[PDB]
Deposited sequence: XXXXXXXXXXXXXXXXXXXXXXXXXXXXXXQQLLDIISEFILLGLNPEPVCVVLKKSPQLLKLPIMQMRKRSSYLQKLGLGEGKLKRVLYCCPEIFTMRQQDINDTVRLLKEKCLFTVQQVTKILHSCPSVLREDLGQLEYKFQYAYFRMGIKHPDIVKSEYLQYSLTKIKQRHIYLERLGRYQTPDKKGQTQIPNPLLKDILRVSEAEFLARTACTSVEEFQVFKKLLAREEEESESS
């Protein structure tokens, strides 16, 4: 009954025939976009992430709705939760224990906050695919060796980056003399670069504007640093 569907679908957001014809192309094809509707936002992103990993259609609604109430309790509701399902569709199909273990690690191993944890979860979905303890060490590297406190660790989306990227760029800056560990109360003699100008930007931009060295020098450094790491560990 395409009326019993397209009534609810066209009254809600389906821009063109489009992704509905793609839905036909790909009773579970309606009870799910509702769970997403309640998750919220995503009028066009719902089509975008329906195209990316169509598996959500295969997902049982009992399991999915449980997963939706779960994420909402974590603070992913009101939804968006936008970039999350875009780059980490696995969140709705992966083992629940994964998510809870990450939460139980951020909270109370690394401390932070229910709000801080919800923020990281939304911004750094990578953290769910990453080895626990490797995650802990990465937090520890931020806090103890870089001297970044919790609010900046979340504000800058630090936990999203590989620990290799962090160590490579940070240690390079440190040996260049261009990054100084905050002393006590967090004072450096020279301000330090913005965390985004260290980790967010492309390698070429980082080397051009922050590290201020050639690219070949950094490539050699990466090799030197990797050997140092292998040889102490």
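- Coordinate coverage of the deposited sequence is interrupted at 1-2, 29-30, 238-239, where no C-alpha atom was modelled.
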